């Protein structure tokens, strides 16, 4: 109990921490359940301890605005340091202070709307590939695992948009990439034993499978040498090094982040969306009518076409409210500060419980209900942008927010143009969330697929 007396010294409520462990035993219900219990019990501000690390949760939109936007460069610049990282410390989502600001500025032009519209014809090709794989498992006439067909699509999209490697992941069990790209009782121990991280670093024990990273460092340098080109993420970073220019090892670190970003997140949300569309056939029918109205006759989706669909944007936003895959937003307090009326000491991790704020009765009518009409152009104005934060906010929000929304909507249009999705006897209704550290279904979502 070295630092376990900080929150009661500041008059901040919270759960009573145990020695060494802190409040990590309260994670037996999960990250999200623990935050909703504390928010319902302690109010707008409370504190807890991840081992010996003090964490302060805030729910006031003005205070959230000050942390994420106002005092981002001055006070709340970085996220919590995590376990044996290794060379991936040069990744943008992990880098800190000026090292991050240099990487953020070197990668911001990559995600502009100009580069994004140039990627529409690429990620539309795999939308047709996704329809092909779905047409097979539909005539199979038995429940289909969504995270597999969506995971393949998300893997095909991210490898083509970042390396130009066009594969059929579901039908090619092992093109090298597919396998290497296809690749807790340890993070909990790291949280209770944070002093062991320097030991794992000097032992080169990288959490990343060290038996994979080298495969990309040579694959990238092969593509560097071998390079009618081109519109992939690698090229936009190759043309950038032509602040201070990037490094070749820094180049590989950002490539790995975009994959874990463009894979698990895209496929998970797409699975949550299709679960809600299957469990609400009225919403699925209305969405298919808007798709057929904007794209008559199964016309191919375009950049300007995707942005025109309002109900599609309403369906995506509502699923992200129920399932914000990040769960929490976190910032480290770099110095003794005093924001919006309260004093924040140095070293405290300021956390925004995004999952709990998205299901708070103070801001949402029937929080557990899936109601896309919350985000209609009539009701969207009564939604605080610092309560609904699926992509974060401020200078360090999701840099691939526009790419994620465009990639998911392009798949949703091509999928719903040809198929309807019904629950199966195997479908878990209602959907239970994973008890662990990730925001994923307890049971993988399986649904019945029928051709239109």
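Basically, rigid core = biggest C-alpha set you can superpose within 1.5 Å across the two forms. Positions refer to the first chain, counted from 1.
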- In terms of RMS C-alpha distance in 9 other deposited structures of this protein following rigid core superposition, 83-91 and 360-368 differ, and the farther one is 83-91
- Message: Using the rigid core for superposition, please say which stretch has the greater CA deviation in 9 other deposited structures of this protein, 202-210 or 125-133.
- Response: 202-210
- Message: Counting only other entries that model residues on either side, is residue 221 absent from the coordinates in at least a third?
- Response: no
- Absent coordinates for residue 230 in a third or more of other compared entries: yes
- Item | Gap size, residue 184 back to residue 183 (deposited sequence, no coordinates) | 4 to 9
- Message: If I compare the deposited sequence with the modelled residues, how many are absent between residue 242 and residue 243: none, 1 to 3, 4 to 9, or 10 or more?
- Response: 4 to 9
- Would you determine, from the values in the PDB entry, which of 174-182 and 352-360 has the greater average C-alpha temperature factor? 174-182
- Note on the structure: Between 422-430 and 37-45, the record assigns the higher mean Cα B factor to 422-430
- Between 201, 289, 373, 137, where does the Cα B-factor run highest in the record? 137
- Message: Highest Cα temperature factor in the entry, among the options 284, 77, 266, 214: which one is it?
- Response: 214
- Query: How does residue 379 rank on Cα B-factor within its chain, lowest, middle or highest third?
  - Reply: highest
- Third assignment of residue 218 from its chain's C-alpha B-factors: highest
- Task: Ordered by C-alpha B-factor within the chain, which third holds residue 330? Give me lowest, middle or highest, please.
- Result: lowest
- Note on the structure: residue 18: CA B-factor among chain residues, third -> lowest
- B-factor third for the C-alpha atom of residue 193 within its chain: middle
